[PDB]
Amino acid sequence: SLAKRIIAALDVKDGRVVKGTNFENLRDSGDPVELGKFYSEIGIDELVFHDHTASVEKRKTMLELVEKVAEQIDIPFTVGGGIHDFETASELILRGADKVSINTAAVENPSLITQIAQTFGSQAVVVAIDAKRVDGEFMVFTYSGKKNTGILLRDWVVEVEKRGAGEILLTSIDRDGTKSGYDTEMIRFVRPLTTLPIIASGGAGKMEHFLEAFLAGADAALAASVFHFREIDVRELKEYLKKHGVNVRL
């Protein structure tokens, strides 16, 4: 079967992991570089950094983060959060990020997808799509889930691939922040609309949820606090998935 990836997402602010971790073994349990290096060592396939830093120091903070990370880890990583134009994306890729995540900026300027892909290849462009049900239809939301765009998920997925995106990071606002499981209905809805890899995001709670997400058609599964507060062990997760027929790297 098709190759699947386990992705750890690290929400960061001022070079600090937001709300820390339970990892006692680390010298600093809130250091995103050490946490990221540890995750790569215990079998995480890729990292996603999402920065929430204040606008004045954001650019410097994200560039310093990226440089420190690229130095310490040998697995691919994505950086995102408030990337609004090409020069911001370019700086981050050149400083060490393999991929950039764009969302609000992509919705408001779809050609930003094409602009980044044109210089760094489609594989450097992750379009994050935050979606939820509104009157029985999947709608795209921008500004950290605050704005209903009125654009159907069906339409945006197709457009995103057309513009030259390499991957879709699909977050279900309906499941994000809960531990009730991935939005497998949403993943199944998106799967036949695109040839791109789909990263399942939002709702991870136990190892079985990852199996369900991969059966739904996801090419990767992303989670944060379940890994950070050690509710799921990464090595146990991969062993479990491999046992039940998922093609994960051990």
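In this text, residue numbers run from 1 along the sequence as written.
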On average, which has the higher Cα B-factor in the deposited entry, 190-198 or 47-55? 47-55
In the PDB record, does 100-108 or 68-76 carry the higher mean Cα temperature factor? 68-76
Name the one of 183, 219, 28, 212 with the greatest CA B-factor according to the PDB entry. 28
If you rank every modelled residue in this chain by C-alpha B factor, which third holds residue 142: lowest, middle or highest? lowest
B-factor third for the C-alpha atom of residue 159 within its chain: lowest
Of the three thirds of its chain by CA temperature factor, lowest, middle or highest, which one includes residue 167? lowest
For residue 130, the third of its chain by CA B-factor is the lowest
Rank-wise, by C-alpha B-factor, drop residue 122 into the lowest, middle or highest third of its chain. lowest
